[PDB]
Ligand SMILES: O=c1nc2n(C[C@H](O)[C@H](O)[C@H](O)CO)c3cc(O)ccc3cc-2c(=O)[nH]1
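There is one chain below, alone, in structure tokens, taken in the form solved without the ligand.
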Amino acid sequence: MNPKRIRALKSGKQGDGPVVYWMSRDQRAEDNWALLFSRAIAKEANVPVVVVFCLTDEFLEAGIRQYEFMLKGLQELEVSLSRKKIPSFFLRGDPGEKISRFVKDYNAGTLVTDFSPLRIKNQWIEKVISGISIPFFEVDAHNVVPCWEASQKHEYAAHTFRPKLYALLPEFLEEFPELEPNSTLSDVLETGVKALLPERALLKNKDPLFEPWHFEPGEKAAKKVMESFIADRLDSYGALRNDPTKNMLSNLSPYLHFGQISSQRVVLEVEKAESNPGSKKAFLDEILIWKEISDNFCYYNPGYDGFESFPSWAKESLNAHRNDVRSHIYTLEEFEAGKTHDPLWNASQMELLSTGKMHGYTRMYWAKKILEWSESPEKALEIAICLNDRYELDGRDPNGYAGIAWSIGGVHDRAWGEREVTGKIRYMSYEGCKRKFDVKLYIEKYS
């Protein structure tokens, strides 16, 4: 219940109404700091807390793979909130109009939301802040250490963010107090899929390319995945994290992006488990440093998805190599269907198209080749963002924009050997990947 997790967006006349928690990023009932704070404020006001979720008009920019995963978890979430006598309301439309009307209609007393440094979340905040008079609060329920508390500026590298984050771990890494009780979605899903059906990803015979049996949605499935990762996969994480032929990753990203499981709950469970110190240190670096530095990248850089947020050395190196003749130039549709001359690159595209989750190691290869085979670094940014946000189940996430900015613009990275086209950006060759893992085995799986 650390008060540093709370931030004030707009002070106003405190109403004597039910506390409305605006759920956006953390779609879960257990281990939610935003949901717990709203219940704590509700009790002090002798008012009942409620949960609201907004189904926005931007869902048609993605695919059914993300829509179904999110809505199915919300169906489970509604039942869980009903266990604690917490009514959940789902609105369709723009949050600026829907949240303002719901607050006025329900005579809400306090408004609470979860933290998201993305631009579209900031867009909805400005509209809502201009249409309400009740107090507005936001809570970092996604990071172990609050985004504004870990660092007050943009961090240039991970070796400067790591000591800052670990110095606050004894304060913010704590257990979750219980959510004490308050003392149709199937129809929306049906019409949504009907609107997204014309743009469904299909192969030649019109069979759907997506396979939805790899990651089942819901808060329940995330816990079983977490338990299976610790017992079965945590020991070999340090030595097999970069081998895509083996499914040794944790597979928590689709659940983490939608907030179906708390990352802090993962850290708390991993810290107790007795495993290889090397593997535990490698996993904690990914879920604590790189995950939360990604939120830091989106929170302190308004242009996190543009060439303007690259480091100065990368901008100068890429600019000096703009006129360099590219070995090949593929358009967006050739990249979408895996029509390149690198069977390793396409093999990643098939895995992304069929499973919605490309391996972490091949994700770096995938994003850097788009830089090599595009007209400008800016057009590489657009294609990488477009492909990642359309087909990744964990897409439209600060991890994506920071991850893409890492591969193409060398954000949170250092300069390497000067090359053509790519300049000083870290290079990854087809020769180097064969020396690290069985490339042919990865290719044959995704053909």
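Residue numbers run from 1 along the displayed sequence. Here the rigid core means the biggest group of C-alpha atoms that line up within 1.5 Å when the two forms are laid on top of each other.
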| property | result |
| --- | --- |
| Greater Cα displacement in 6 other deposited structures of this protein once the core is superposed, comparing 400 to 408 with 59 to 67 | 59 to 67 |
| Stretch with larger C-alpha RMS deviation in 6 other deposited structures of this protein, core superposed, 289 to 297 versus 186 to 194 | 186 to 194 |
| Count class of deposited residues lacking coordinates, residue 183 to residue 184 | 10 or more |
| Comparing 55 to 63 with 380 to 388, the one whose average Cα B-factor in the PDB entry is higher | 55 to 63 |
| Higher-B stretch (mean Cα B-factor, as the entry records it), 140 to 148 or 269 to 277 | 269 to 277 |
| Residue of maximum C-alpha B factor among 399, 46, 27, 407, per deposited coordinates | 46 |
| 227, 76, 114, 190, ranked by C-alpha B-factor: the highest one | 190 |
| Third of the chain, ranked by Cα B-factor, where residue 154 sits | middle |
| Chain third (lowest, middle, highest) by recorded CA B-factor, residue given as residue 96 | middle |
| For residue 411, the third of its chain into which the C-alpha B factor falls | lowest |
| Third of the chain, ranked by Cα B-factor, where residue 31 sits | middle |
| Third assignment of residue 257 from its chain's C-alpha B-factors | lowest |
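Unshown form deposited with the ligand bound; subsequent notes refer to it.
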item: Option from 185 to 193, 108 to 116, 126 to 134, 199 to 207 whose residues, in the entry with it bound, bring a heavy atom within 4.5 Å of the ligand; value: 108 to 116
item: Touches the ligand in the entry with it bound: residue 54 (any heavy atom, 4.5 Å); value: yes
item: Distance check, residue 27 to the ligand in the entry with it bound, heavy atom within 4.5 Å; value: yes
item: Contact label in the entry with it bound: residue 425 to the ligand, heavy atom within 4.5 Å; value: no
item: Residue 410 within 4.5 Å of the ligand in the entry with it bound, heavy atoms; value: no
item: Candidate from 72, 98, 265, 121 lying within 4.5 Å of the ligand in the entry with it bound - any heavy atom; value: 121
item: Stretch 338 to 377: residues contacting the ligand in the entry with it bound, 4.5 Å heavy atom cut-off; value: none
